[PDB]
file final_27.txt (compact mmCIF, C-alpha atoms)
# COMPACT_ATOMS: atom_id res chain seq x y z
CA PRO O 20 12.83 -1.48 -29.12
CA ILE O 21 12.07 -2.91 -25.67
CA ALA O 22 9.40 -5.59 -25.38
CA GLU O 23 6.20 -4.49 -23.56
CA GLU O 24 6.08 -7.10 -20.83
CA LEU O 25 9.79 -6.60 -20.18
CA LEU O 26 8.63 -3.05 -19.63
CA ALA O 27 5.65 -4.32 -17.69
CA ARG O 28 7.60 -6.61 -15.33
CA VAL O 29 10.28 -3.97 -14.67
CA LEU O 30 7.69 -1.18 -14.06
CA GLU O 31 5.28 -3.26 -11.98
CA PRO O 32 6.33 -1.34 -8.87
CA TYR O 33 4.70 1.81 -10.30
CA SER O 34 1.79 0.03 -12.15
CA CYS O 35 0.39 -1.50 -8.98
CA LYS O 36 -0.06 2.20 -8.04
CA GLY O 37 -1.49 3.67 -11.29
CA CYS O 38 1.80 5.52 -11.76
CA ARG O 39 3.27 3.84 -14.83
CA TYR O 40 3.96 6.67 -17.30
CA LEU O 41 6.41 5.16 -19.82
CA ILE O 42 4.36 4.04 -22.84
CA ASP O 43 7.14 2.53 -24.90
CA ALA O 44 10.90 2.67 -25.00
CA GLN O 45 13.78 1.67 -27.31
CA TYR O 46 17.39 1.18 -26.35
CA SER O 47 21.01 0.72 -27.50
CA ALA O 48 23.90 -0.60 -25.31
CA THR O 49 27.67 -1.20 -25.22
CA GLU O 50 30.03 -2.70 -22.61
CA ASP O 51 29.85 0.55 -20.59
CA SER O 52 27.02 2.69 -22.05
CA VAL O 53 23.27 2.66 -22.50
CA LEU O 54 21.15 4.95 -24.68
CA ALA O 55 17.33 4.92 -24.59
CA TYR O 56 14.22 6.81 -25.80
CA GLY O 57 10.78 6.68 -24.20
CA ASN O 58 7.28 7.96 -24.89
CA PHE O 59 5.24 9.10 -21.86
CA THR O 60 1.71 10.05 -20.70
CA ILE O 61 0.52 11.29 -17.29
CA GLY O 62 -3.20 10.86 -16.58
CA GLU O 63 -3.25 12.75 -13.29
CA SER O 64 -0.98 13.24 -10.29
CA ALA O 65 -0.65 10.66 -7.52
CA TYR O 66 0.48 13.13 -4.78
CA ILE O 67 -1.33 16.44 -5.41
CA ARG O 68 -4.72 17.59 -6.80
CA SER O 69 -3.73 19.08 -10.12
CA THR O 70 -1.41 21.81 -11.26
CA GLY O 71 -2.42 21.58 -14.95
CA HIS O 72 1.27 21.09 -15.90
CA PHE O 73 4.42 18.96 -15.60
CA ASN O 74 5.80 19.31 -12.02
CA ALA O 75 9.46 18.43 -11.42
CA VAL O 76 8.52 15.46 -9.26
CA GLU O 77 7.24 13.97 -12.54
CA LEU O 78 10.56 14.56 -14.36
CA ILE O 79 12.35 12.30 -11.84
CA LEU O 80 9.58 9.65 -11.97
CA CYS O 81 9.88 9.54 -15.75
CA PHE O 82 13.68 9.42 -15.64
CA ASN O 83 13.41 6.56 -13.07
CA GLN O 84 11.00 4.54 -15.19
CA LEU O 85 13.04 4.99 -18.43
CA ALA O 86 16.33 4.15 -16.72
CA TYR O 87 15.03 1.03 -15.03
CA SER O 88 13.53 0.13 -18.43
CA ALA O 89 16.77 0.80 -20.43
CA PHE O 90 19.06 -1.36 -18.27
CA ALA O 91 16.72 -4.30 -18.26
CA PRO O 92 17.38 -5.69 -21.81
CA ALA O 93 21.05 -4.73 -21.41
CA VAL O 94 21.16 -6.95 -18.32
CA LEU O 95 18.97 -9.54 -20.02
CA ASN O 96 21.27 -9.61 -23.03
CA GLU O 97 24.48 -9.39 -20.97
CA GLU O 98 25.64 -6.27 -22.80
CA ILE O 99 27.11 -4.38 -19.84
CA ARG O 100 30.52 -5.81 -18.94
CA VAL O 101 30.30 -4.95 -15.21
CA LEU O 102 26.74 -6.46 -14.85
CA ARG O 103 27.44 -9.91 -16.27
CA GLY O 104 26.73 -12.22 -13.35
CA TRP O 105 23.28 -10.73 -13.05
CA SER O 106 20.33 -12.22 -14.82
CA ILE O 107 17.14 -10.22 -15.31
CA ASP O 108 15.94 -11.95 -12.08
CA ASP O 109 18.84 -10.47 -10.09
CA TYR O 110 18.22 -7.08 -11.72
CA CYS O 111 14.51 -7.16 -10.83
CA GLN O 112 15.34 -8.31 -7.24
CA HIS O 113 17.59 -5.27 -6.81
CA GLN O 114 15.42 -2.54 -8.35
CA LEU O 115 13.75 -1.13 -5.21
CA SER O 116 16.27 -1.66 -2.40
CA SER O 117 19.63 -1.30 -4.29
CA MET O 118 19.29 1.30 -7.08
CA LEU O 119 19.69 4.81 -5.75
CA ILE O 120 19.97 8.41 -6.85
CA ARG O 121 23.18 9.95 -5.32
CA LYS O 122 22.85 13.39 -6.95
CA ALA O 123 20.56 15.03 -9.52
CA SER O 124 20.37 18.24 -11.47
CA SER O 125 17.24 19.50 -13.31
CA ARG O 126 16.24 22.36 -15.62
CA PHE O 127 12.73 23.28 -16.86
CA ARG O 128 11.87 25.40 -19.95
CA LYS O 129 8.51 25.63 -21.74
CA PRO O 130 6.46 23.47 -19.45
CA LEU O 131 5.78 19.99 -20.80
CA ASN O 132 2.55 18.60 -22.10
CA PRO O 133 2.05 15.98 -19.36
CA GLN O 134 -0.37 14.22 -21.69
CA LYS O 135 2.14 13.45 -24.44
CA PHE O 136 5.93 13.75 -24.29
CA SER O 137 9.16 11.91 -24.94
CA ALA O 138 12.72 11.59 -23.52
CA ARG O 139 16.32 10.70 -24.42
CA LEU O 140 18.55 9.02 -21.85
CA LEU O 141 22.27 8.41 -21.97
CA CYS O 142 24.36 6.76 -19.27
CA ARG O 143 28.18 6.68 -19.67
CA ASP O 144 31.42 6.17 -17.76
CA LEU O 145 30.01 3.49 -15.42
CA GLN O 146 32.49 2.40 -12.78
CA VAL O 147 32.72 0.36 -9.64
CA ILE O 148 33.65 2.12 -6.44
CA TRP O 152 29.67 -0.06 0.28
CA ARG O 153 30.70 -1.35 -3.14
CA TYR O 154 28.47 0.22 -5.89
CA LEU O 155 28.03 0.96 -9.51
CA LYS O 156 28.16 4.69 -10.03
CA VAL O 157 26.14 5.47 -13.16
CA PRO O 158 26.29 9.07 -14.55
CA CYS O 159 23.21 9.82 -16.63
CA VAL O 160 21.93 12.61 -18.89
CA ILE O 161 18.27 12.95 -19.98
CA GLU O 162 16.23 15.45 -22.09
CA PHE O 163 12.39 15.80 -22.33
CA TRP O 164 10.25 17.30 -24.87
CA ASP O 165 6.83 17.27 -26.56
CA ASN O 167 3.61 22.32 -28.18
CA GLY O 168 7.35 23.08 -27.73
CA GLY O 169 8.85 22.72 -24.27
CA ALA O 170 11.83 20.89 -22.88
CA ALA O 171 13.49 19.81 -19.64
CA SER O 172 16.75 18.05 -18.74
CA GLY O 173 19.30 16.64 -16.03
CA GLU O 174 22.19 15.15 -15.03
CA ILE O 175 21.70 12.40 -12.56
CA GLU O 176 24.19 10.13 -10.81
CA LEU O 177 22.92 6.75 -9.71
CA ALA O 178 24.33 4.15 -7.34
CA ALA O 179 23.63 0.43 -7.93
CA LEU O 180 24.48 -1.54 -4.74
CA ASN O 181 24.60 -5.22 -5.56
CA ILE O 182 26.61 -6.22 -8.56
CA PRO O 183 28.48 -7.86 -10.22
CA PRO Z 20 6.19 28.78 14.55
CA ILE Z 21 3.55 28.40 11.85
CA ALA Z 22 -0.04 27.75 12.92
CA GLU Z 23 -1.35 24.24 12.08
CA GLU Z 24 -4.40 25.17 10.03
CA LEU Z 25 -2.34 27.74 8.13
CA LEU Z 26 -0.27 24.67 7.38
CA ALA Z 27 -3.41 22.68 6.77
CA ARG Z 28 -5.04 25.14 4.34
CA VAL Z 29 -1.79 25.66 2.39
CA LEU Z 30 -1.06 21.89 2.19
CA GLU Z 31 -4.61 20.79 1.40
CA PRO Z 32 -3.56 19.98 -2.16
CA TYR Z 33 -1.40 17.13 -0.85
CA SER Z 34 -3.68 16.13 2.13
CA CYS Z 35 -6.65 15.35 -0.09
CA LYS Z 36 -4.22 12.70 -1.46
CA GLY Z 37 -2.70 11.27 1.76
CA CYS Z 38 0.59 12.92 0.81
CA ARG Z 39 0.98 15.60 3.48
CA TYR Z 40 4.40 14.96 5.05
CA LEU Z 41 5.25 18.22 6.86
CA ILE Z 42 4.31 17.74 10.53
CA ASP Z 43 5.17 21.19 11.80
CA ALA Z 44 7.20 24.14 10.64
CA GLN Z 45 8.61 27.43 12.01
CA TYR Z 46 9.72 30.42 10.03
CA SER Z 47 11.55 33.79 10.00
CA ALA Z 48 11.23 36.48 7.25
CA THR Z 49 12.61 39.83 6.04
CA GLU Z 50 11.76 42.12 3.11
CA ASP Z 51 13.60 39.75 0.72
CA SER Z 52 14.37 36.52 2.63
CA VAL Z 53 12.60 33.62 4.28
CA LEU Z 54 14.09 30.98 6.60
CA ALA Z 55 12.11 27.92 7.77
CA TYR Z 56 12.45 24.57 9.57
CA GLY Z 57 10.09 21.60 9.23
CA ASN Z 58 9.58 18.19 10.79
CA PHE Z 59 8.48 15.38 8.45
CA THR Z 60 7.09 11.80 8.36
CA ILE Z 61 6.36 9.55 5.36
CA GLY Z 62 3.92 6.69 5.99
CA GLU Z 63 4.33 5.00 2.62
CA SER Z 64 4.89 6.01 -0.99
CA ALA Z 65 2.09 7.28 -3.23
CA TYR Z 66 3.73 6.29 -6.56
CA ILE Z 67 5.68 3.04 -5.97
CA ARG Z 68 5.35 -0.08 -3.77
CA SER Z 69 8.12 0.43 -1.26
CA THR Z 70 11.85 0.92 -1.44
CA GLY Z 71 12.36 0.89 2.36
CA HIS Z 72 14.13 4.29 2.13
CA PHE Z 73 13.92 7.98 1.19
CA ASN Z 74 13.72 8.26 -2.65
CA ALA Z 75 14.67 11.58 -4.25
CA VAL Z 76 11.11 12.17 -5.43
CA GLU Z 77 10.34 12.56 -1.71
CA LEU Z 78 13.08 15.19 -1.21
CA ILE Z 79 11.34 17.49 -3.74
CA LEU Z 80 7.88 16.81 -2.25
CA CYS Z 81 9.18 17.78 1.18
CA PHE Z 82 10.95 20.87 -0.14
CA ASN Z 83 7.69 21.85 -1.95
CA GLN Z 84 5.55 21.44 1.17
CA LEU Z 85 7.99 23.38 3.43
CA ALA Z 86 8.42 26.20 0.91
CA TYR Z 87 4.72 26.66 0.31
CA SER Z 88 4.35 26.56 4.11
CA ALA Z 89 7.17 29.12 4.80
CA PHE Z 90 5.89 31.81 2.42
CA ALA Z 91 2.36 31.63 3.69
CA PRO Z 92 2.74 33.57 7.01
CA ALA Z 93 5.22 35.89 5.28
CA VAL Z 94 2.48 36.71 2.75
CA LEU Z 95 -0.13 36.74 5.50
CA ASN Z 96 1.95 39.15 7.55
CA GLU Z 97 3.07 41.23 4.56
CA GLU Z 98 6.75 40.69 5.34
CA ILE Z 99 8.04 40.26 1.78
CA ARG Z 100 8.31 43.66 0.08
CA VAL Z 101 7.67 42.34 -3.47
CA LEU Z 102 4.56 40.30 -2.38
CA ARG Z 103 2.60 43.08 -0.68
CA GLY Z 104 -0.55 43.33 -2.77
CA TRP Z 105 -1.19 39.66 -2.18
CA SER Z 106 -3.29 38.46 0.69
CA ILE Z 107 -3.13 34.85 1.83
CA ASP Z 108 -6.18 34.32 -0.47
CA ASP Z 109 -4.19 35.45 -3.53
CA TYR Z 110 -1.25 33.28 -2.40
CA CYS Z 111 -3.47 30.21 -2.00
CA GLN Z 112 -5.14 30.91 -5.41
CA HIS Z 113 -1.72 30.89 -7.07
CA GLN Z 114 -0.13 27.85 -5.41
CA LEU Z 115 -0.86 25.16 -8.02
CA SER Z 116 -0.93 27.00 -11.36
CA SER Z 117 1.66 29.81 -10.77
CA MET Z 118 4.48 28.53 -8.52
CA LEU Z 119 7.06 26.60 -10.49
CA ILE Z 120 10.44 24.96 -10.18
CA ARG Z 121 12.79 26.38 -12.92
CA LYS Z 122 15.90 24.42 -11.89
CA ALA Z 123 16.91 22.09 -9.05
CA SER Z 124 20.02 20.44 -7.73
CA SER Z 125 20.04 17.53 -5.22
CA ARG Z 126 22.59 15.49 -3.24
CA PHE Z 127 21.96 12.37 -1.10
CA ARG Z 128 24.24 11.00 1.67
CA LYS Z 129 23.31 8.49 4.39
CA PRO Z 130 19.80 7.69 3.32
CA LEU Z 131 17.12 9.38 5.39
CA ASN Z 132 14.81 7.81 7.90
CA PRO Z 133 11.57 8.44 5.97
CA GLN Z 134 9.70 7.92 9.23
CA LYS Z 135 11.24 10.85 11.10
CA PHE Z 136 13.34 13.68 9.67
CA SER Z 137 13.70 17.44 9.55
CA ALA Z 138 14.78 20.22 7.11
CA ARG Z 139 16.17 23.77 6.94
CA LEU Z 140 15.11 26.07 4.11
CA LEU Z 141 16.53 29.42 3.12
CA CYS Z 142 15.38 31.57 0.21
CA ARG Z 143 17.36 34.74 -0.65
CA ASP Z 144 17.96 37.29 -3.40
CA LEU Z 145 14.35 37.30 -4.64
CA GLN Z 146 13.86 39.45 -7.72
CA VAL Z 147 11.32 40.26 -10.36
CA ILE Z 148 12.15 39.44 -13.94
CA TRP Z 152 6.21 36.33 -18.51
CA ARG Z 153 6.81 38.50 -15.44
CA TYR Z 154 7.85 36.29 -12.43
CA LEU Z 155 9.40 36.14 -9.05
CA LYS Z 156 12.62 34.19 -9.26
CA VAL Z 157 13.25 32.67 -5.82
CA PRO Z 158 16.66 30.97 -5.21
CA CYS Z 159 16.39 28.44 -2.40
CA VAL Z 160 18.71 26.20 -0.36
CA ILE Z 161 17.50 23.27 1.77
CA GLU Z 162 19.17 20.57 3.97
CA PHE Z 163 17.59 17.34 5.39
CA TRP Z 164 18.54 15.21 8.19
CA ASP Z 165 17.35 12.78 10.88
CA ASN Z 167 20.30 7.59 12.56
CA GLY Z 168 22.65 10.06 10.78
CA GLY Z 169 21.98 10.87 7.14
CA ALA Z 170 21.56 14.06 5.20
CA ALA Z 171 20.48 15.44 1.84
CA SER Z 172 20.42 18.91 0.24
CA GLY Z 173 19.68 21.29 -2.87
CA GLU Z 174 19.62 24.29 -4.48
CA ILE Z 175 16.36 25.04 -6.14
CA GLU Z 176 15.23 28.03 -8.18
CA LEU Z 177 11.53 28.76 -8.20
CA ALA Z 178 9.39 30.97 -10.42
CA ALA Z 179 6.24 32.65 -8.99
CA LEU Z 180 4.05 33.91 -11.89
CA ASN Z 181 1.43 36.26 -10.52
CA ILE Z 182 2.63 38.96 -8.22
CA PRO Z 183 2.80 41.69 -7.00
call {"tool": "encode", "arguments": {"input": "final_27.txt", "output": "structure tokens"}}
result
Amino acid sequence: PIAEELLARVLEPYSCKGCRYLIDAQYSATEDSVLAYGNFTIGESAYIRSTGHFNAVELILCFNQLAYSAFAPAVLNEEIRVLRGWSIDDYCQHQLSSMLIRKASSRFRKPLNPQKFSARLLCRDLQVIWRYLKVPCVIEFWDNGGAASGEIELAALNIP
Amino acid sequence: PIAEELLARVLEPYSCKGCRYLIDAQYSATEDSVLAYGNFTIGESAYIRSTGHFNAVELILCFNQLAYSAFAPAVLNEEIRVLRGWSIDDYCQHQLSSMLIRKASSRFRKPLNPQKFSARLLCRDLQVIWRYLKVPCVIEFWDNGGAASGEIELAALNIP
């Protein structure tokens, strides 16, 4: 489980906008892998009136929140070999300017209950390669049935 | 070229939120294809403080705006065989609740100048298949160099 307050500091960029959607998360890490779970709620859309359903834009936003949230305690606890040399302060300093999506793939089935849903994230085969961390990720939503998923490759620019 | 005001009616869902980004668009259509071009500007992000760059969430939002915008005058002008039976009124009534993204694929190169960029959209091999319109689409950004692209399949639920 990830401490609210670590959540809240890491997701402040979205909170100061009313767009924090991750309720709670839990994680597991190794030297080159992270695995996390989140619970999510969407009160209303920031960018459009109201579709009465998920919207793919919201899949990415929830993936972004959960991923920033999953790496935080891994960085804090120095669990990722390649990220030792970063404190949580470094990590938080790099969030906005230096953590990018290089490619992403999405699929949508039974629409999701925006009001109450969860996700599973797994990031594997991290490697250094600008000099970046490439970070292949897989995520899966559900809630009501309904499911969604991707396939996202990230680039982290500072590091180590 | 698409008439501002057709743009503005079709993109009202985002405007009433400060999130209209498509400046102007032009289109071409056949019985089963649309092709469009848009120019875009992003003043600031609705959902996050400020990354100082594109953000993939904004790729989708710009694809969504341009696609809704490209089909409008095709529906208005009854150019799409399968959509005859819809006026622009029907189209606008269905925008939010009935036009969905089933799958999407994205790629990001030199980040984009959020402040000034353009796109090319092409949608082909429409077919009926709920009963929906499946609508395979391809889009490409650029601006500063820098480029991005996808690969998006839509589902339109009312119809004909």
call {"tool": "closest_atom_pairs", "arguments": {"input": "final_27.txt", "of": "chain O", "to": "chain Z", "cutoff": "8 Å", "atoms": "all atoms listed in the file", "output": "JSON lines"}}
result
{"residue": "O:32", "atom": "CA", "partner": "Z:67", "partner_atom": "CA", "distance": 5.3}
{"residue": "O:33", "atom": "CA", "partner": "Z:67", "partner_atom": "CA", "distance": 4.6}
{"residue": "O:34", "atom": "CA", "partner": "Z:67", "partner_atom": "CA", "distance": 7.9}
{"residue": "O:35", "atom": "CA", "partner": "Z:68", "partner_atom": "CA", "distance": 7.3}
{"residue": "O:36", "atom": "CA", "partner": "Z:66", "partner_atom": "CA", "distance": 5.8}
{"residue": "O:37", "atom": "CA", "partner": "Z:66", "partner_atom": "CA", "distance": 7.5}
{"residue": "O:38", "atom": "CA", "partner": "Z:66", "partner_atom": "CA", "distance": 5.6}
{"residue": "O:65", "atom": "CA", "partner": "Z:65", "partner_atom": "CA", "distance": 6.1}
{"residue": "O:66", "atom": "CA", "partner": "Z:38", "partner_atom": "CA", "distance": 5.6}
{"residue": "O:67", "atom": "CA", "partner": "Z:33", "partner_atom": "CA", "distance": 4.6}
{"residue": "O:68", "atom": "CA", "partner": "Z:32", "partner_atom": "CA", "distance": 5.3}
{"residue": "O:69", "atom": "CA", "partner": "Z:115", "partner_atom": "CA", "distance": 7.0}
{"residue": "O:70", "atom": "CA", "partner": "Z:115", "partner_atom": "CA", "distance": 4.7}
{"residue": "O:71", "atom": "CA", "partner": "Z:116", "partner_atom": "CA", "distance": 6.7}
{"residue": "O:72", "atom": "CA", "partner": "Z:116", "partner_atom": "CA", "distance": 7.8}
{"residue": "O:74", "atom": "CA", "partner": "Z:120", "partner_atom": "CA", "distance": 7.5}
{"residue": "O:75", "atom": "CA", "partner": "Z:120", "partner_atom": "CA", "distance": 6.7}
{"residue": "O:76", "atom": "CA", "partner": "Z:76", "partner_atom": "CA", "distance": 5.7}
{"residue": "O:79", "atom": "CA", "partner": "Z:76", "partner_atom": "CA", "distance": 6.5}
{"residue": "O:80", "atom": "CA", "partner": "Z:76", "partner_atom": "CA", "distance": 7.2}
{"residue": "O:115", "atom": "CA", "partner": "Z:70", "partner_atom": "CA", "distance": 4.7}
{"residue": "O:116", "atom": "CA", "partner": "Z:70", "partner_atom": "CA", "distance": 5.2}
{"residue": "O:119", "atom": "CA", "partner": "Z:74", "partner_atom": "CA", "distance": 7.6}
{"residue": "O:120", "atom": "CA", "partner": "Z:75", "partner_atom": "CA", "distance": 6.7}
{"residue": "O:121", "atom": "CA", "partner": "Z:127", "partner_atom": "CA", "distance": 5.0}
{"residue": "O:122", "atom": "CA", "partner": "Z:126", "partner_atom": "CA", "distance": 4.3}
{"residue": "O:123", "atom": "CA", "partner": "Z:125", "partner_atom": "CA", "distance": 5.0}
{"residue": "O:124", "atom": "CA", "partner": "Z:124", "partner_atom": "CA", "distance": 4.4}
{"residue": "O:125", "atom": "CA", "partner": "Z:123", "partner_atom": "CA", "distance": 5.0}
{"residue": "O:126", "atom": "CA", "partner": "Z:122", "partner_atom": "CA", "distance": 4.3}
{"residue": "O:127", "atom": "CA", "partner": "Z:121", "partner_atom": "CA", "distance": 5.0}
{"residue": "O:128", "atom": "CA", "partner": "Z:121", "partner_atom": "CA", "distance": 7.2}
call {"tool": "write_last_selection", "arguments": {"input": "final_27.txt", "atoms": "C-alpha atoms", "output": "compact mmCIF listing (two decimals), keeping the file's coordinate frame"}}
result
# COMPACT_ATOMS: atom_id res chain seq x y z
CA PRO O 32 6.33 -1.34 -8.87
CA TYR O 33 4.70 1.81 -10.30
CA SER O 34 1.79 0.03 -12.15
CA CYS O 35 0.39 -1.50 -8.98
CA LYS O 36 -0.06 2.20 -8.04
CA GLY O 37 -1.49 3.67 -11.29
CA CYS O 38 1.80 5.52 -11.76
CA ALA O 65 -0.65 10.66 -7.52
CA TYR O 66 0.48 13.13 -4.78
CA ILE O 67 -1.33 16.44 -5.41
CA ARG O 68 -4.72 17.59 -6.80
CA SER O 69 -3.73 19.08 -10.12
CA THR O 70 -1.41 21.81 -11.26
CA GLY O 71 -2.42 21.58 -14.95
CA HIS O 72 1.27 21.09 -15.90
CA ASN O 74 5.80 19.31 -12.02
CA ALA O 75 9.46 18.43 -11.42
CA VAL O 76 8.52 15.46 -9.26
CA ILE O 79 12.35 12.30 -11.84
CA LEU O 80 9.58 9.65 -11.97
CA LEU O 115 13.75 -1.13 -5.21
CA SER O 116 16.27 -1.66 -2.40
CA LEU O 119 19.69 4.81 -5.75
CA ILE O 120 19.97 8.41 -6.85
CA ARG O 121 23.18 9.95 -5.32
CA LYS O 122 22.85 13.39 -6.95
CA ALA O 123 20.56 15.03 -9.52
CA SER O 124 20.37 18.24 -11.47
CA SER O 125 17.24 19.50 -13.31
CA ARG O 126 16.24 22.36 -15.62
CA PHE O 127 12.73 23.28 -16.86
CA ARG O 128 11.87 25.40 -19.95
call {"tool": "atom_distance", "arguments": {"input": "final_27.txt", "atom1": "atom CA of residue Z:155", "atom2": "atom CA of residue Z:179"}}
result
4.7 Å
call {"tool": "atom_distance", "arguments": {"input": "final_27.txt", "atom1": "atom CA of residue Z:87", "atom2": "atom CA of residue O:169"}}
result
25.2 Å
call {"tool": "atom_distance", "arguments": {"input": "final_27.txt", "atom1": "atom CA of residue Z:55", "atom2": "atom CA of residue Z:85"}}
result
7.5 Å
call {"tool": "residues_around", "arguments": {"input": "final_27.txt", "residues": "stretch 21-24 of chain O", "least_positions_apart": "2", "cutoff": "9 Å", "atoms": "all atoms listed in the file", "output": "compact mmCIF listing (two decimals) with C-alpha atoms, keeping the file's coordinate frame"}}
result
# COMPACT_ATOMS: atom_id res chain seq x y z
CA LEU O 26 8.63 -3.05 -19.63
CA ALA O 27 5.65 -4.32 -17.69
CA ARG O 28 7.60 -6.61 -15.33
CA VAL O 29 10.28 -3.97 -14.67
CA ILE O 42 4.36 4.04 -22.84
CA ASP O 43 7.14 2.53 -24.90
CA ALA O 44 10.90 2.67 -25.00
CA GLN O 45 13.78 1.67 -27.31
CA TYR O 46 17.39 1.18 -26.35
CA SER O 88 13.53 0.13 -18.43
CA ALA O 89 16.77 0.80 -20.43
CA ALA O 91 16.72 -4.30 -18.26
CA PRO O 92 17.38 -5.69 -21.81
